[PDB]
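See structure below.
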There are 2 protein chains.
Amino acid sequence: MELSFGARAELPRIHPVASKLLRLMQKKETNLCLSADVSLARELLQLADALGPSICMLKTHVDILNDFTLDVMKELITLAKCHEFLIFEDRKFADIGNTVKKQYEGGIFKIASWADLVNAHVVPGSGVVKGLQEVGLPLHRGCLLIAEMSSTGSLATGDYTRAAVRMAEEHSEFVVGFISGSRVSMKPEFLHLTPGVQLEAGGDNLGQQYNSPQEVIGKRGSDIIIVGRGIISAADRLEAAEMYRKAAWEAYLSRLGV
Amino acid sequence: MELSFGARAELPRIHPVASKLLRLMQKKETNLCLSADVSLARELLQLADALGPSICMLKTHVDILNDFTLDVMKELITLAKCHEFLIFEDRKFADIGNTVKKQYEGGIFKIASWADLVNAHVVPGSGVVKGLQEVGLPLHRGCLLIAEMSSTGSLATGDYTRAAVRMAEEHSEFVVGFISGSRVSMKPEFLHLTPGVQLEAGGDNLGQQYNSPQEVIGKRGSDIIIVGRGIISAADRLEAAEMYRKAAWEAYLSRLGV
Ligand SMILES: N#Cc1cn([C@@H]2O[C@H](COP(=O)(O)O)[C@@H](O)[C@H]2O)c(=O)[nH]c1=O
Ligand SMILES: N#Cc1cn([C@@H]2O[C@H](COP(=O)(O)O)[C@@H](O)[C@H]2O)c(=O)[nH]c1=O
């Protein structure tokens, strides 16, 4: 009952955003999401171009860009289209519906205009999702709910995690999956994306914890690895990206039996 | 014993930002924080200028400004100094320390350079505080932990709330208080700020819930009311601000005993 990415893309209950993603993952043999945590647009675009072929998704923090403009986003979309990857803004919407609606649609970033995917914390209750949903957009858009976090002392456990899953299942018209450390939903239509990934054991000095692709994808049953520093801080970024891609891909293959 | 704002300003263990706030609260007889959720810089500045005399604090969502620049913040600083209020950016930092550090110091908004106060969700664990503190501590900035939320279905309850209080108490060099619905700490050095306030019973259509100043300050023991739509939507914003100020102030006085 474990299905390939390509098969999952065709599930009756699949969201169009999820389908698109799943299809390209299968085509490109990648379940790697690059976390492009950089300070300059030039670097963001360089990464997108060089590593585009190796990734299913590019995760942005547009607020960390010193020189964000929508023109930058236009260029990013072009690369996304070229290389075939989704854009995920790691916005972490985390307030009342009325506020997040505005934060998604409007303001300086105009996130909804370019981000295939965003994420939200579940702490405010389901209003956080409802608010995001109320943004009118004749484009295919999805949301990921933060069900678990990668950091030491995370409170996104137990009943909290269950709450996230329930909220997702109840808003499946928009919510396409999770940020989690493992498989949290038994429903194959939902994507699992996992940050806190490096080839080596460890962490950082500010509460990040790392697990390997084999652990996260293979043992813990997640779908996609999110990797920042493991790539962007590497001596050879393309080489690193390819290692991560191959690691995650093989780990995934291991679940498909035969 | 319940202390006045002015007395609290003098507590041995008081944070400088907290002391500054408390002093101006006492001076101006205001425990009202204006929430200015506006789409134009001009409107932000206009409201800050007009309402400044009535408020202890102005809460911003800079990301909702269609036309944010650092020059806007330059101008806000001027108004804040003139009228005597603190600037609180409602950023809701909510990730690993390494990331939030960047989101606080850098990028497009350079929040730490102008915000007296910011807030953080506690869901990622204490790394969120550690990351922010590295930037903010030596700049005499302060942080508020989101211990409770105003929205329907909020998960910031019970053990979650208790975790926020512990985290605050353990980072008292930087954490100066809470976003909460009520008094959550018995330590008078900590500030309690409460959104979800209007004179009238009700809510919005996206999960916001309202309670009155008398209820939240008087009965529930919070310190400061955060009011958005209740003021901004009024025909006469000045009158509205004054009504809210008078309500919150009297509710506070009521706790001060014989
Ligand atoms: N939600 C969420 C999370 C997001 N992230 C984000 O994923 C990225 C991890 O980057 P890195 O540690 O450099 O591989 C970084 O942008 C961070 O903000 C987590 O690390 N953990 C989470 O739980
Ligand atoms: N943390 C936090 C919260 C922030 N806020 C913010 O406070 C403001 C309330 O605005 P209003 O409902 O218009 O009075 C708004 O900017 C919203 O994003 C809450 O309403 N509830 C919270 O729990």
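Computed over heavy atoms, backbone and side chain alike; hydrogens, waters and symmetry mates excluded. One-based numbering, in listed order, for ligands and for the atoms of each. Convention: sequence-line order gives letters A, B, ...; per-chain numbering from 1.
The protein heavy-atom contact nearest to atom 8 (C) of ligand 2 is B:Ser35 OG, 3.6 Å. Scanning the protein for heavy atoms near atom 16 (O) of ligand 1, the closest one is A:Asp37 OD2, 2.7 Å. A:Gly228 N, 2.9 Å is the protein heavy atom nearest to atom 14 (O) of ligand 1. At the shortest separation from atom 7 (O) of ligand 2 among protein heavy atoms lies B:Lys59 CE, 3.5 Å. Atom 12 (O) of ligand 1 has A:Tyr210 OH, 2.6 Å as its closest protein atom, hydrogens excluded (heavy atom only). In this structure, atom 21 (N) of ligand 1 lies nearest to the protein heavy atom A:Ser150 OG, 2.7 Å.
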Determine, step by step, whether B:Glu89 and B:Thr60 satisfy the side-chain hydrogen bond (donor to acceptor under 3.5 Å, both in side chains) criterion, reporting the C-alpha distance in whole Å, the side-chain angles of both residues, the deciding distance to 0.1 Å, and the verdict. CA-CA 5 Å; B:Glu89 165 67 32; B:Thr60 59; 2.7 Å; yes

Between B:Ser182 and B:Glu148, is the side-chain hydrogen bond (donor to acceptor under 3.5 Å, both in side chains) condition met? List the steps. CA-CA 8 Å; B:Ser182 58; B:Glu148 296 179 328; 3.2 Å; yes

Can you list the steps and then say if B:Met57 with B:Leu34 is a side-chain contact (heavy atoms from CB on, under 4.5 Å)? CA-CA 6 Å; B:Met57 187 185 301; B:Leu34 176 67; over 6 Å; no

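Looking at A:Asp95 next to ligand 2, an N or O pair under 3.5 Å apart turns up.
Taking a cut-off of under 4.0 Å to the non-hydrogen atoms of A:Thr99, the atoms of ligand 2 that pass are 15 (C), 16 (O), 17 (C), 18 (O). Per-residue contacts place A:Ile179 under 4.0 angstrom from the following atoms of ligand 1 (heavy atoms of the residue considered): 1 (N), 2 (C). Within the listing of ligand 2, atoms 11 (P), 12 (O), 13 (O), 14 (O) sit less than 4.0 angstrom from a heavy atom of B:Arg229. Annotation for ligand 1: atoms under 4.0 Å from non-hydrogen atoms of B:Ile96 are 17 (C), 20 (O), 21 (N). When each atom of ligand 1 is checked for a heavy atom of A:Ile146 under 4.0 Å away, the hits are 1 (N). Ligand 2 places these atoms under 4.0 Å from at least one heavy atom of B:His61: 16 (O), 18 (O).
Using 4.0 Å as the threshold, A:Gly230 has no heavy atom nearer than that to any atom of ligand 1.
Side-chain polar atoms of B:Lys130 and B:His171 form a donor-acceptor pair below 3.5 angstrom.
When non-hydrogen atoms are compared, ligand 2 lies under 4.0 Å from neither the backbone nor the side chain of B:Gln198. Counting heavy atoms under 4.0 Å from ligand 2, residue B:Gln208 touches it through the side chain alone. When non-hydrogen atoms are compared, ligand 2 lies under 4.0 Å from the side chain of B:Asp90 (C-beta onward) but not from its backbone.
Of the residues B:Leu58, B:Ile179, B:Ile224, the one that meets the side-chain contact (heavy atoms from CB on, under 4.5 Å) test with B:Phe88 is B:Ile179.
Taking the six-membered ring where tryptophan is involved, the planes of A:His192 and A:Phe178 are essentially parallel, since the angle between them stays under 30° and well short of 60°. Using the six-membered ring where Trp is involved, B:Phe93 and B:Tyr104 have ring planes that are perpendicular, over 60° apart on the 30 and 60° scheme.
Taking only non-hydrogen atoms, the option from A:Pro195, A:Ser233, B:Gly97 nearest to atom 19 (C) of ligand 1 is A:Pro195.
Residues A:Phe109 and B:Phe109 place their aromatic rings such that the two centres sit under 6.0 Å apart.
Taking the charged nitrogens against the carboxylate oxygens, A:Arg237 and A:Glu43 do have a contact shorter than 4.0 Å, which makes a salt bridge. Taking 4.0 Å as the cut-off between side-chain N and carboxylate O, A:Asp63 and A:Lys92 do not count as a salt-bridged pair. Salt-bridge formation is not detected for the pair A:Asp223/A:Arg183: no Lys NZ or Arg NE/NH1/NH2 atom is positioned less than 4.0 Å from an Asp or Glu carboxylate oxygen.
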